[PDB]
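Each of two forms of one protein chain follows alone as structure tokens, named structure 1 and structure 2.
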Structure 1
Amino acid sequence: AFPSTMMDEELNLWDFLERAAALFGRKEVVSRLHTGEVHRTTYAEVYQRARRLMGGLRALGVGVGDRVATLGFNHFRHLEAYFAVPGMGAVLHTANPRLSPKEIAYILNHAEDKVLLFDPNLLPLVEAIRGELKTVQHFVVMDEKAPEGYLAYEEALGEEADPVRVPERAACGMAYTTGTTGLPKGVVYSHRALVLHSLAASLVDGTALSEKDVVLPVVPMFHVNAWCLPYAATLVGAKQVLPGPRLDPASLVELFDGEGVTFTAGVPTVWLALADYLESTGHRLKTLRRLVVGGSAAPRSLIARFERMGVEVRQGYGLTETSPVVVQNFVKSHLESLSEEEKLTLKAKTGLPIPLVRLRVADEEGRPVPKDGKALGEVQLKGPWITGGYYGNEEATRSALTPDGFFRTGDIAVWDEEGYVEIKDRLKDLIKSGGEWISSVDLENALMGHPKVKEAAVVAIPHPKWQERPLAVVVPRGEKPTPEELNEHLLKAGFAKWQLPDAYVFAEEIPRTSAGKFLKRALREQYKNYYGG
């Protein structure tokens, strides 16, 4: 084309910490260690110590492109590693301390980590797998002291070293998938990818990170770089409060109120426990204003419970795979007029694609499905931080993209005209019938509309030909209806024959749960072989 006159420059994570040290040097980074003690530092200090970490790692043989692993929780040393490793051209491999010892050994050997930084309380685990590690040459405890055969982080620190800039497309970190395909798959992130993601996700309609914020990352830093919060927070100069491993309600409330946290991000389970605690104690968080929930789709009630306490809730979706965060939820300006119930349903949706992300919900052909909020399709993506394959795994890589270059998430969902995407629980709700998908929730909600039906629970049942087929357990409203009546009632609802339940069983009651929700778990086992599958 026509050449620009823009200077040749590369994006680099290290720049965030350098900028932070110069403009927000005194902003604090508070951490609660595993012992429960609270440590206090600042960006200026973290910057100086990180420069020393690069020197120390170099003294230990770490060079451009080498992998350095961590097995720890959110605290200042992990933050220093977050910058030191990428800053020296190395690759930060963050490993989940909650994985089995065998899987940890597997990913550490697959990534061929040369050095391992881990928390003191994980020594027993490390000591147990040490003999199975083929490449780790140095074990560094993230503490002041370390046992025999181990090196202490504070002693490993060396002379301050200048950063070593690498092409932005070069790797800065990596993480492996789990519980999905089964076998852990590695995803390698670049500086370009994380710098861009940190910018795109921090806008007003996103996390709205600001220098005045006090950020508390409940999301582990060993997952998808903790939503890039540690990086983004550093970029804007926000104060950071790293909780360490103690994620119990009391411990968090203490940090929330004590430090004046304004923003936080975490998983549904931690938030549910927090909500239960706040409600039963009648205590309220004075400064908390924004809460992001990722991972499991946050239930409608969770959003409502926190919103009722003045806390704005925003969902987010991303995979440990390709992208940390590709969809974030916020209410469009013209949708602010919706009723509390409708707006709640909106907030309960996964969200809208964020800047720099191209997303579509398509079929096996890669063709967009109808934006009616009903048609099922696979979420496919393109963007700066979306992976195009995997590390050391031809098979997984060759079948990762569609002919036109989109990444296949493996997540099923629906999308509407407003652009909102709604990931569907491919297990608790979706029925995989011969390479096709069917929502049991949609079917049952429609059925419960029929006058003769008091309660209906649709579930997936094993099938010989197709993998699974829908089965409806009806609870009659007096005179039990006929399977034909119900079939027409569904046809007049927009459902096609191929998706109609194959059989309708009857009962006087459907097993509920503590929450009074259908205990489909039991139903799936009762009618386990109802279709001879």
Structure 2
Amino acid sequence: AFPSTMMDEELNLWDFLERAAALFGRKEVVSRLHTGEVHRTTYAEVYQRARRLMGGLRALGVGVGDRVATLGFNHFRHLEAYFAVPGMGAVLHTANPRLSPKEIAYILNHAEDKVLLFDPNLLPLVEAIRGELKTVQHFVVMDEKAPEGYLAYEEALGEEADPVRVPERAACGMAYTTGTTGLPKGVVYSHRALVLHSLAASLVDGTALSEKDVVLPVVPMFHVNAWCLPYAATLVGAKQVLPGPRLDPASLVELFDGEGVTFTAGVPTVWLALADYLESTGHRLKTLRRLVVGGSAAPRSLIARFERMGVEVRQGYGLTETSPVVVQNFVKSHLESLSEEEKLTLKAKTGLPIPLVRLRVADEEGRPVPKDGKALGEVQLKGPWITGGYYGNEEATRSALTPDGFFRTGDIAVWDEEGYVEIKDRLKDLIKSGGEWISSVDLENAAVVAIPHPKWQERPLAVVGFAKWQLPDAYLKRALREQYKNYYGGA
């Protein structure tokens, strides 16, 4: 009825790196490779090489809408792909190398990826599944060199190409979740979604990302695009430190101090191992100020450990389906007067719903449950970076949403008058161990319950195909969980 005079300028992920190259071109991107060697590059060079990757991928037959898959850890070549693939209007499919060969083959075949980029230390896995892949036309090793039948990344680079412009709602990337019963389910992100997510999650009450920050994502670049951190860090022009596959405490500490890391993010298991190490050696990190924990619930103790060592811990919550961040923990101004015990309890809560997210905790018919911090309901979400369904799966799509169009997370929670959310349970019958999913059912038909664990956070226990980490440690369900609550003895 009344048009605005505003320009119809589309949101695009390439604009982050373009701005980084122009304003913060000398800012460093530091990578530790699988061999332990440390590689140094900058935003200016990443931008140049990302343009070369766009031209190289075009020469390999990649066009707008085509899927280019990755199987790799956090390093500069993965960051170059993060921009080049969406930059040419293609779809960045981050695949998880920790999954079974059968699961990876299914996901790559379902997405119909045209090109696969993968780390050299993952060649045995690629050689193992290669014969099962039906769409992959080119296999690119993310390294200087590649063996027979394989193409090296440095060889695959072509002439510099200009980025391709698309409507912001077009696909930029995709990822499959294994936190579900049956087959993996695909979620397709858009430029619009990930740009908005990068902005809204990086505010002061969120990750508070600044140009002066040095950012180390411990979360894998195959876990919801490392929680969108590589994009958000580029947007502000922060120095990035990409740790690679080595996530042992001594390796991380070396990077924390050596590179002057100020901000980091990862799953609870990595931080528990890090805290164990810092406490045993009496070593205190010389620059680290902020740490976010996500993927699973952070134990109250984990927060108390780091706060004692001078590290601020902020819980984050989300799903593959939500890009991922929908909830972030910070202490409200008027709640700073709470006692140290009360404040620790508050920090141990999941947190507050972030900007541009409509969150509710509701029952079976979509009715919100009372805000008393006691009543249980399902977390339900609506927003521009929240999925409205799945790719190529009609039954998963129609069971994903409520009648009034809210996405159903499958997580049971409470919420209070202050607006704080607390994940308490899960509708979905699954085990999450060290930030990776195990299906109870698949182990059964071959009763399996999730039992709390100190180090990881849940471990399979059976009652009387698969990888060694999936194996149940020891040999109506709301009873066996409460009965064997302390089998693995974890607080």
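For numbering, take structure 1's sequence and count from 1. Rigid core here is just the name for the largest C-alpha set that superposes within 1.5 Å across the two forms.
S.K.: Which listed residue (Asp119, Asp429, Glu259, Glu378) has a Cα shift of at least 2 Å between the two structures, rigid core superposed?
M.R.: The residue that shifts is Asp429.
S.K.: How far, in degrees, does the smaller rigid part swing between the two structures?
M.R.: The computed domain rotation is 176 degrees.
S.K.: Once both forms share the same rigid core frame, by what distance in Å has the CA of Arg524 shifted between the two structures?
M.R.: The shift comes out to 5.0 Å.
S.K.: By how many angstrom is the CA atom of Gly56 displaced between the two structures after fitting on the core?
M.R.: It moves 0.2 Å at the C-alpha.
S.K.: Taking the rigid core as the frame of reference, how far in Å is the Cα of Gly179 displaced between the two structures?
M.R.: Value for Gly179 between the two structures: 4.0 Å of C-alpha shift.
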